[PDB]
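Just below is one structure, and these are the notes that go with it.
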There are 2 protein chains.
Amino acid sequence: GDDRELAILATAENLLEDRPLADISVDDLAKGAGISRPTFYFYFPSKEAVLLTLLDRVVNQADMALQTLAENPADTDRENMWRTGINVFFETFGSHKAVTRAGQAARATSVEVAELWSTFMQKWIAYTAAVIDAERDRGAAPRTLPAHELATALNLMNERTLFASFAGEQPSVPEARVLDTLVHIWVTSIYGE
Amino acid sequence: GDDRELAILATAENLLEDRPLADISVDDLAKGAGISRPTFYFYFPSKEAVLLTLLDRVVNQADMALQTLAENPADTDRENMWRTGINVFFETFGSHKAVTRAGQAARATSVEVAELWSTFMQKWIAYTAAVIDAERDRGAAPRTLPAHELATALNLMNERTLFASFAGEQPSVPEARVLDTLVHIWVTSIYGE
């Protein structure tokens, strides 16, 4: 039963690797999931609710991985610690590029997708700023910009640069180089005087 | 004659301050410009070509201002020089927020808008990297990341952070704080070891 729902989600993710949400119909979803069209509408109100759920699962996966990291300090220098935290996003979203791309194009039209993204971005920026503040309180980072404004720009940078790399946009940082590039900007801007 | 065209462009920019492209019709454009609907179609193929031209004029205005800056060095420290160059974009796009917002939402659907944006971004990143390279050649900046990858991420950061500030997205850096925030990230990441 939760089976049919997972089948629908797995079909949508497979089809989104090939074409946009606009080019996928409810029948394609139903057909791929081994069900009828009215049976589909029982699990989801629309193909957009299917995308909404896929992005929800992707965002919550990253957010949980991040909480795991937070409760379990990695034992390394400062630079590697930022790298590990950014890496959560590089791997989680980079393992679901079709959902990332469609979820981002849907922010322009779907109020729920825009709100879901915006809640989590606020959470990840607040956490980033709490860490920068701890680093300043401990004397490891200088008091330059307002931690929260600095955290806002760096998280926006990552959203745009990661997602450009994953879609292979022109211009974009090659995906093999994007982690190194962002970590350098984060560590210089956070610790640089 | 070029009069009617300017009237149509000025009407579209005024209406875009109130509602999205989808909520504006060719008749609204024609009516505001003091012309008929078939007369409209003589100057522009569609309301989307009107947006395309508006964004074209905005992008070329910034690019020309930047060329002016380039040919006329401002006589100040390094930090102020980056601030002046970023400021070109903060003021040019920030003086046309409705076009910026609609032009960005149209990149998801219009191949010409996507290509126009992508050409200019490549140009501005190449110029940014040429400057970072000159600074490294002169011994003023360390050889850290590949200048071109560093320039890519910083320009993407600015596109996303400026445009979030202008739309008042949640989250965003307040528009009174966005210039300072980006300049700090640019100067630390470019000059920081």
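Note on naming: chains are A, B, ... as they come in the structure tokens, residues start from 1 per chain, ligands start from 1 in the order shown.
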Could you write out as a short mmCIF file (atom, residue, chain, number, x, y, z; two decimals) with N, CA and C atoms, in the first residue's frame the residues of chain A within 10 Å of chain B, counting only C-alpha atoms?
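New file out.cif:
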```cif
data_model
loop_
_atom_site.label_atom_id
_atom_site.label_comp_id
_atom_site.auth_asym_id
_atom_site.auth_seq_id
_atom_site.Cartn_x
_atom_site.Cartn_y
_atom_site.Cartn_z
N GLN A 104 13.84 22.62 -8.21
CA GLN A 104 14.26 24.02 -8.36
C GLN A 104 13.47 24.73 -9.44
N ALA A 105 13.14 24.06 -10.53
CA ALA A 105 12.35 24.74 -11.54
C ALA A 105 10.90 24.98 -11.03
N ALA A 106 10.39 24.10 -10.17
CA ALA A 106 9.07 24.25 -9.56
C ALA A 106 8.94 25.35 -8.49
N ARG A 107 10.05 25.87 -7.95
CA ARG A 107 9.98 26.96 -6.98
C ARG A 107 9.36 28.21 -7.61
N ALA A 108 9.56 28.38 -8.93
CA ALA A 108 8.95 29.47 -9.72
C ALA A 108 7.41 29.40 -9.85
N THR A 109 6.79 28.31 -9.45
CA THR A 109 5.38 28.14 -9.75
C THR A 109 4.62 27.50 -8.61
N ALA A 114 8.30 26.31 -2.89
CA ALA A 114 8.96 27.53 -2.44
C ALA A 114 9.01 27.61 -0.91
N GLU A 115 7.90 27.30 -0.23
CA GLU A 115 7.92 27.29 1.21
C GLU A 115 8.74 26.19 1.83
N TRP A 117 11.40 24.78 0.55
CA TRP A 117 12.82 25.15 0.32
C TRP A 117 13.23 26.24 1.27
N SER A 118 12.35 27.23 1.40
CA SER A 118 12.63 28.38 2.25
C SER A 118 12.70 27.98 3.71
N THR A 119 11.84 27.06 4.23
CA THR A 119 12.04 26.63 5.62
C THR A 119 13.35 26.00 5.95
N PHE A 120 13.73 25.05 5.10
CA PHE A 120 14.98 24.38 5.30
C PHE A 120 16.19 25.27 5.12
N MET A 121 16.12 26.17 4.14
CA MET A 121 17.28 27.12 3.92
C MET A 121 17.41 27.94 5.21
N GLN A 122 16.30 28.38 5.81
CA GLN A 122 16.43 29.19 7.05
C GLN A 122 17.06 28.39 8.16
N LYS A 123 16.67 27.12 8.25
CA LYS A 123 17.26 26.26 9.25
C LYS A 123 18.76 26.09 9.01
N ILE A 125 20.93 27.91 7.25
CA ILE A 125 21.61 29.21 7.53
C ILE A 125 21.70 29.50 9.03
N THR A 144 34.03 39.70 11.80
CA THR A 144 33.97 40.53 10.61
C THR A 144 32.49 40.87 10.33
N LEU A 145 31.89 40.27 9.32
CA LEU A 145 30.49 40.51 9.03
C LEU A 145 29.66 39.87 10.14
N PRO A 146 28.44 40.38 10.33
CA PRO A 146 27.30 39.68 11.01
C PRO A 146 27.19 38.21 10.52
N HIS A 148 25.09 35.98 10.61
CA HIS A 148 23.90 35.52 9.95
C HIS A 148 23.84 35.96 8.49
N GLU A 149 24.34 37.17 8.21
CA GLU A 149 24.39 37.65 6.79
C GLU A 149 25.48 36.87 6.01
N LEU A 150 26.61 36.62 6.67
CA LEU A 150 27.68 35.86 6.05
C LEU A 150 27.10 34.45 5.75
N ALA A 151 26.45 33.88 6.74
CA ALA A 151 25.89 32.48 6.53
C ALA A 151 24.88 32.48 5.39
N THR A 152 24.03 33.53 5.33
CA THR A 152 23.04 33.63 4.21
C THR A 152 23.71 33.58 2.80
N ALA A 153 24.71 34.40 2.58
CA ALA A 153 25.35 34.47 1.29
C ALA A 153 26.05 33.19 0.97
N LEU A 154 26.70 32.57 1.98
CA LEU A 154 27.45 31.35 1.65
C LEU A 154 26.49 30.22 1.32
N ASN A 155 25.38 30.13 2.03
CA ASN A 155 24.41 29.07 1.69
C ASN A 155 23.75 29.28 0.33
N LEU A 156 23.46 30.54 0.00
CA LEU A 156 22.93 30.85 -1.34
C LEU A 156 23.96 30.50 -2.43
N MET A 157 25.22 30.87 -2.19
CA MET A 157 26.25 30.50 -3.09
C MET A 157 26.20 28.98 -3.32
N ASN A 158 26.25 28.21 -2.23
CA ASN A 158 26.21 26.73 -2.42
C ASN A 158 24.99 26.27 -3.18
N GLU A 159 23.81 26.80 -2.85
CA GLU A 159 22.56 26.34 -3.57
C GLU A 159 22.78 26.56 -5.06
N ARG A 160 23.23 27.77 -5.43
CA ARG A 160 23.28 28.10 -6.89
C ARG A 160 24.41 27.32 -7.59
N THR A 161 25.58 27.19 -6.92
CA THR A 161 26.81 26.64 -7.54
C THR A 161 26.65 25.12 -7.61
N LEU A 162 26.20 24.50 -6.51
CA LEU A 162 25.94 23.02 -6.54
C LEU A 162 24.98 22.72 -7.64
N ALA A 164 23.89 24.47 -10.27
CA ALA A 164 24.47 24.66 -11.64
C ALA A 164 25.43 23.50 -12.06
N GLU A 169 25.13 23.36 -16.16
CA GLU A 169 24.80 24.66 -16.78
C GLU A 169 26.03 25.29 -17.34
N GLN A 170 25.83 26.21 -18.27
CA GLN A 170 26.96 26.96 -18.77
C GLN A 170 26.70 28.41 -18.34
N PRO A 171 27.50 28.97 -17.43
CA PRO A 171 28.70 28.47 -16.74
C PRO A 171 28.39 27.66 -15.47
N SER A 172 29.36 26.82 -15.08
CA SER A 172 29.20 26.07 -13.83
C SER A 172 30.61 25.61 -13.50
N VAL A 173 30.86 25.31 -12.25
CA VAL A 173 32.14 24.68 -11.82
C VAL A 173 31.97 23.21 -12.12
N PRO A 174 32.97 22.57 -12.72
CA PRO A 174 32.81 21.10 -12.97
C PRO A 174 32.52 20.37 -11.63
N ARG A 177 35.10 19.51 -9.18
CA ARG A 177 35.89 20.63 -8.60
C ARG A 177 35.03 21.50 -7.65
N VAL A 178 33.74 21.21 -7.59
CA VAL A 178 32.81 22.14 -6.90
C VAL A 178 33.01 22.09 -5.35
N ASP A 180 35.82 21.43 -3.55
CA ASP A 180 37.03 22.18 -3.24
C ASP A 180 36.83 23.71 -3.36
N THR A 181 36.15 24.11 -4.44
CA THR A 181 35.93 25.51 -4.72
C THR A 181 35.11 26.17 -3.58
N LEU A 182 33.97 25.56 -3.19
CA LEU A 182 33.13 26.10 -2.12
C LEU A 182 33.80 26.07 -0.78
N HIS A 184 36.95 26.35 -0.11
CA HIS A 184 37.93 27.46 -0.05
C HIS A 184 37.25 28.79 0.23
N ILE A 185 36.16 29.10 -0.50
CA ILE A 185 35.38 30.33 -0.23
C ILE A 185 34.84 30.37 1.21
N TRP A 186 34.25 29.28 1.71
CA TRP A 186 33.76 29.23 3.10
C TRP A 186 34.87 29.48 4.11
N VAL A 187 36.01 28.79 3.96
CA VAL A 187 37.06 28.90 5.01
C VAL A 187 37.75 30.25 4.92
N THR A 188 37.96 30.76 3.70
CA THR A 188 38.56 32.08 3.67
C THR A 188 37.67 33.16 4.19
N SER A 189 36.36 33.03 3.94
CA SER A 189 35.48 34.12 4.29
C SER A 189 35.12 34.05 5.74
N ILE A 190 35.14 32.85 6.28
CA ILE A 190 34.79 32.70 7.71
C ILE A 190 36.00 33.06 8.60
N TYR A 191 37.19 32.60 8.23
CA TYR A 191 38.36 32.77 9.10
C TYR A 191 39.24 33.95 8.68
N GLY A 192 39.00 34.55 7.49
CA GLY A 192 39.93 35.58 6.92
C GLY A 192 39.63 37.00 7.47
N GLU A 193 40.66 37.82 7.72
CA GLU A 193 40.48 38.99 8.64
C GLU A 193 40.13 40.22 7.86
#
```
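The list of residues with at least one atom within 9 Å of residue 147 (chain A), based on only C-alpha atoms and without residues fewer than 6 positions apart in the same chain, reads residues 128, 129, 130, 131, 132, 133 and 190 of chain A.
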Please produce a file of the residues just selected, as an mmCIF file, in the first residue's frame, where the atoms kept are N, CA and C atoms.
```
data_model
loop_
_atom_site.group_PDB
_atom_site.id
_atom_site.type_symbol
_atom_site.label_atom_id
_atom_site.label_comp_id
_atom_site.auth_asym_id
_atom_site.auth_seq_id
_atom_site.Cartn_x
_atom_site.Cartn_y
_atom_site.Cartn_z
ATOM 1 N N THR A 128 24.451 27.328 10.337
ATOM 2 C CA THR A 128 25.715 27.839 9.866
ATOM 3 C C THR A 128 26.105 29.049 10.714
ATOM 4 N N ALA A 129 25.140 29.935 10.909
ATOM 5 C CA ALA A 129 25.564 31.161 11.685
ATOM 6 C C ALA A 129 25.923 30.774 13.161
ATOM 7 N N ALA A 130 25.134 29.856 13.761
ATOM 8 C CA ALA A 130 25.462 29.361 15.170
ATOM 9 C C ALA A 130 26.875 28.824 15.216
ATOM 10 N N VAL A 131 27.282 28.087 14.171
ATOM 11 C CA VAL A 131 28.660 27.574 14.149
ATOM 12 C C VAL A 131 29.713 28.668 14.001
ATOM 13 N N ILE A 132 29.526 29.598 13.058
ATOM 14 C CA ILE A 132 30.410 30.750 12.935
ATOM 15 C C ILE A 132 30.498 31.551 14.278
ATOM 16 N N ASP A 133 29.384 31.744 14.951
ATOM 17 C CA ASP A 133 29.348 32.425 16.263
ATOM 18 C C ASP A 133 30.130 31.692 17.330
ATOM 19 N N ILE A 190 35.144 32.846 6.284
ATOM 20 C CA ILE A 190 34.786 32.703 7.712
ATOM 21 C C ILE A 190 36.005 33.064 8.600
#
```
Fill in: Backbone-only DSSP, alpha helix (DSSP H) members of region 3-172 of chain A, as JSON, numbers by chain
{"A": [3, 4, 5, 6, 7, 8, 9, 10, 11, 12, 13, 14, 15, 16, 26, 27, 28, 29, 30, 31, 32, 33, 37, 38, 39, 40, 41, 42, 43, 47, 48, 49, 50, 51, 52, 53, 54, 55, 56, 57, 58, 59, 60, 61, 62, 63, 64, 65, 66, 67, 68, 69, 70, 71, 78, 79, 80, 81, 82, 83, 84, 85, 86, 87, 88, 89, 90, 91, 92, 93, 94, 97, 98, 99, 100, 101, 102, 103, 104, 105, 111, 112, 113, 114, 115, 116, 117, 118, 119, 120, 121, 122, 123, 124, 125, 126, 127, 128, 129, 130, 131, 132, 133, 134, 135, 136, 137, 147, 148, 149, 150, 151, 152, 153, 154, 155, 156, 157, 158, 159, 160, 161, 162, 163, 164, 165, 166, 167]}
Would you save the residues from that selection as a tab-separated table (two decimals), in the first residue's frame, using C-alpha atoms?
```tsv
chain	number	residue	atom	x	y	z
A	3	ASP	CA	4.29	0.02	-1.80
A	4	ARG	CA	2.17	1.63	-4.48
A	5	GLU	CA	3.16	5.07	-3.20
A	6	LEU	CA	6.90	4.15	-3.38
A	7	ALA	CA	6.37	2.78	-6.87
A	8	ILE	CA	4.81	6.04	-7.97
A	9	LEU	CA	7.71	8.07	-6.37
A	10	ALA	CA	10.34	5.76	-7.97
A	11	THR	CA	8.63	6.05	-11.40
A	12	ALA	CA	8.50	9.86	-11.23
A	13	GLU	CA	12.23	10.03	-10.25
A	14	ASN	CA	13.11	7.69	-13.20
A	15	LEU	CA	11.05	9.68	-15.67
A	16	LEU	CA	12.41	13.00	-14.41
A	26	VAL	CA	-0.36	11.18	-14.53
A	27	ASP	CA	-0.91	8.18	-16.85
A	28	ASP	CA	2.89	7.76	-17.28
A	29	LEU	CA	3.20	7.73	-13.48
A	30	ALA	CA	0.33	5.30	-13.04
A	31	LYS	CA	1.53	3.02	-15.90
A	32	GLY	CA	5.09	2.89	-14.46
A	33	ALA	CA	3.72	2.13	-10.98
A	37	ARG	CA	-5.11	6.55	-13.21
A	38	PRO	CA	-7.94	6.88	-10.63
A	39	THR	CA	-5.90	4.66	-8.26
A	40	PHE	CA	-3.00	7.17	-8.64
A	41	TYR	CA	-5.31	10.04	-7.46
A	42	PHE	CA	-5.91	8.17	-4.35
A	43	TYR	CA	-2.21	8.39	-3.31
A	47	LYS	CA	1.91	14.98	-10.47
A	48	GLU	CA	3.12	18.18	-8.69
A	49	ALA	CA	2.35	16.64	-5.31
A	50	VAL	CA	4.52	13.78	-6.43
A	51	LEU	CA	7.45	16.18	-7.07
A	52	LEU	CA	6.72	17.90	-3.78
A	53	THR	CA	7.05	14.62	-1.92
A	54	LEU	CA	10.23	13.60	-3.80
A	55	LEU	CA	11.87	16.98	-2.87
A	56	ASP	CA	10.61	16.66	0.68
A	57	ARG	CA	12.32	13.28	1.02
A	58	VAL	CA	15.54	14.66	-0.52
A	59	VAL	CA	15.62	17.72	1.79
A	60	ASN	CA	14.87	15.69	4.86
A	61	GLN	CA	17.57	13.16	3.97
A	62	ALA	CA	20.16	15.97	3.81
A	63	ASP	CA	18.85	17.58	6.97
A	64	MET	CA	18.99	14.26	8.88
A	65	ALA	CA	22.51	13.54	7.59
A	66	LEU	CA	23.48	16.98	8.80
A	67	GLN	CA	21.96	16.43	12.27
A	68	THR	CA	24.02	13.14	12.43
A	69	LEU	CA	27.12	15.01	11.62
A	70	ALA	CA	26.31	17.71	14.18
A	71	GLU	CA	25.81	15.16	17.02
A	78	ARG	CA	38.64	23.24	10.67
A	79	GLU	CA	38.86	23.09	6.90
A	80	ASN	CA	37.95	19.40	6.77
A	81	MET	CA	35.03	19.96	9.10
A	82	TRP	CA	33.44	22.54	6.69
A	83	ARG	CA	34.22	20.17	3.80
A	84	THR	CA	32.33	17.37	5.55
A	85	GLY	CA	29.31	19.53	6.15
A	86	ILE	CA	29.14	20.86	2.58
A	87	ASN	CA	29.69	17.29	1.37
A	88	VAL	CA	26.34	16.31	2.91
A	89	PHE	CA	24.64	18.49	0.36
A	90	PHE	CA	26.96	17.67	-2.50
A	91	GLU	CA	26.28	13.94	-2.03
A	92	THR	CA	22.60	14.06	-1.08
A	93	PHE	CA	21.44	16.38	-3.84
A	94	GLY	CA	24.08	15.06	-6.26
A	97	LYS	CA	19.97	15.33	-9.62
A	98	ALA	CA	16.67	14.90	-11.51
A	99	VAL	CA	14.65	15.75	-8.42
A	100	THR	CA	17.00	18.64	-7.56
A	101	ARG	CA	16.64	20.14	-11.06
A	102	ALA	CA	12.78	19.72	-11.24
A	103	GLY	CA	12.34	20.86	-7.59
A	104	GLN	CA	14.26	24.02	-8.36
A	105	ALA	CA	12.35	24.74	-11.54
A	111	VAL	CA	4.03	27.90	-3.41
A	112	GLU	CA	4.50	24.72	-1.39
A	113	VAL	CA	7.84	23.95	-3.03
A	114	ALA	CA	8.96	27.53	-2.44
A	115	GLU	CA	7.92	27.29	1.21
A	116	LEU	CA	9.51	23.90	1.79
A	117	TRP	CA	12.82	25.15	0.32
A	118	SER	CA	12.63	28.38	2.25
A	119	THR	CA	12.04	26.63	5.62
A	120	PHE	CA	14.98	24.38	5.30
A	121	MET	CA	17.28	27.12	3.92
A	122	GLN	CA	16.43	29.19	7.05
A	123	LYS	CA	17.26	26.26	9.25
A	124	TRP	CA	20.59	25.55	7.51
A	125	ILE	CA	21.61	29.21	7.53
A	126	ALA	CA	20.74	29.49	11.27
A	127	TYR	CA	22.83	26.46	12.00
A	128	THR	CA	25.72	27.84	9.87
A	129	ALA	CA	25.56	31.16	11.68
A	130	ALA	CA	25.46	29.36	15.17
A	131	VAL	CA	28.66	27.57	14.15
A	132	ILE	CA	30.41	30.75	12.93
A	133	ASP	CA	29.35	32.43	16.26
A	134	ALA	CA	30.79	29.52	18.29
A	135	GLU	CA	33.97	29.79	16.31
A	136	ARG	CA	34.15	33.54	16.99
A	137	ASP	CA	33.30	33.02	20.78
A	147	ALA	CA	27.45	35.87	11.17
A	148	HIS	CA	23.90	35.52	9.95
A	149	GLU	CA	24.39	37.65	6.79
A	150	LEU	CA	27.68	35.86	6.05
A	151	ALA	CA	25.89	32.48	6.53
A	152	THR	CA	23.04	33.63	4.21
A	153	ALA	CA	25.35	34.47	1.29
A	154	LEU	CA	27.45	31.35	1.65
A	155	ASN	CA	24.41	29.07	1.69
A	156	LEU	CA	22.93	30.85	-1.34
A	157	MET	CA	26.25	30.50	-3.09
A	158	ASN	CA	26.21	26.73	-2.42
A	159	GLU	CA	22.56	26.34	-3.57
A	160	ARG	CA	23.28	28.10	-6.89
A	161	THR	CA	26.81	26.64	-7.54
A	162	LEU	CA	25.94	23.02	-6.54
A	163	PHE	CA	22.79	23.05	-8.60
A	164	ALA	CA	24.47	24.66	-11.64
A	165	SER	CA	27.21	21.96	-11.44
A	166	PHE	CA	24.65	19.15	-11.22
A	167	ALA	CA	22.69	20.39	-14.21
```
Worksheet entry | One-decimal distance in Å that lies between CA of residue 17 (chain B) and CA of residue 176 (chain B) | 20.3 Å
Worksheet item: In Å to one decimal, how far is CA of residue 73 (chain B) from CA of residue 95 (chain B)?
Response: 23.7 Å
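CA of residue 110 (chain B) lies 15.8 Å from CA of residue 21 (chain A).
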